[PDB]
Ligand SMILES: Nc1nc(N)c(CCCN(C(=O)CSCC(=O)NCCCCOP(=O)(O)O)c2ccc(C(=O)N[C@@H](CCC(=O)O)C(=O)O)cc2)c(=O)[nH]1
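In the form deposited without this ligand, a lone chain appears below as structure tokens.
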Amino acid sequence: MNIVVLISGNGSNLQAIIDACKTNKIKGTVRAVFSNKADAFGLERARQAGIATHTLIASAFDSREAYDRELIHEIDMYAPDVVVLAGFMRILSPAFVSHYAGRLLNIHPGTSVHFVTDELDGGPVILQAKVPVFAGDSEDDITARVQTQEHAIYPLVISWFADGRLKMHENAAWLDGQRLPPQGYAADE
């Protein structure tokens, strides 16, 4: 329950998380969407789904500290159990990253989903998904195929988080009771 999702531009990964709560695939509601850009079509998707958005573009702010003091304020209003970055595109800061520790998540390409931390590595990866270099590469495909894996795996890890079976304990990810190791994935032991 209590998912808040940060985003910039178009929102394909967010679509995937609104339909997965909608259909009860993740036990939680996405209680608000934020973007550091107006234009962000992912906003149009949040309002079609009828969820509260908040574009906070900087330049409206005097400093970066000012802006993140504020983004943390409008985010914590919604009492978030998870804060999921899903295309957000802003250089995160020691205070943001520290504020949401163990409830902050991100997705990066090739495609994988990790806990965001201060560790030099970016923080523990939770779930990875490799896509073939296999020949029917109707070039657009390159990314478009990673995208499909993104829409598949981010809802699945957010869902484990909600059901209380993904914890981050001591800069290590922990699925269903035991430690994930550097690349992690499924049925536990």
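Here the rigid core means the biggest group of C-alpha atoms that line up within 1.5 Å when the two forms are laid on top of each other. All residue numbers refer to positions in the sequence shown, first residue = 1.
Missing here is the form deposited with this ligand bound; even so, the following discussion is about that form.
*Asks:* Choose one stretch from 126-134, 26-34, 48-56, 146-154: the one whose residues place a heavy atom within 4.5 angstroms of this ligand in the entry with it bound.
*Replies:* It is 146-154 that comes within 4.5 Å of the partner.
*Asks:* Is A38 close enough to touch this ligand in the entry with it bound, meaning at least one heavy atom pair within 4.5 Å?
*Replies:* Flag for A38 set to no.
*Asks:* Answer yes if any heavy atom of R64 is within 4.5 Å of a heavy atom of this ligand in the entry with it bound; otherwise answer no.
*Replies:* Within the cut-off, so yes.
*Asks:* Taking the shortest heavy atom distance, is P80 within 4.5 Å of this ligand in the entry with it bound?
*Replies:* Flag for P80 set to no.
*Asks:* Do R103 and this ligand come within 4.5 Å of each other in the entry with it bound, heavy atoms counted?
*Replies:* No - in the entry with it bound, heavy atoms of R103 and this ligand never come within 4.5 Å of each other.
*Asks:* Taking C21, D163 and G184 together, does each of them reach this ligand in the entry with it bound with some heavy atom inside 4.5 Å?
*Replies:* Checking in the entry with it bound: none of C21, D163 and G184 is within 4.5 Å of this ligand.
*Asks:* Would you give me the residues of 63-95 that have any heavy atom within 4.5 Å of this ligand in the entry with it bound, in order from first to last?
*Replies:* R64, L85, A86, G87, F88, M89, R90, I91, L92 sit within 4.5 Å of the partner.
*Asks:* Which one of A38, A144, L120, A60 is the only residue whose C-alpha moves by 2 Å or more between this form and the one not shown, after superposing on the core?
*Replies:* Just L120.
*Asks:* Work out the direction of the Cα-Cα change for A152 and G136 in the entry with it bound: closer or farther than in this form? It's 3 angstroms or more.
*Replies:* Relative to the displayed form, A152 and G136 move farther apart in the entry with it bound - a change of at least 3 Å between their C-alphas.
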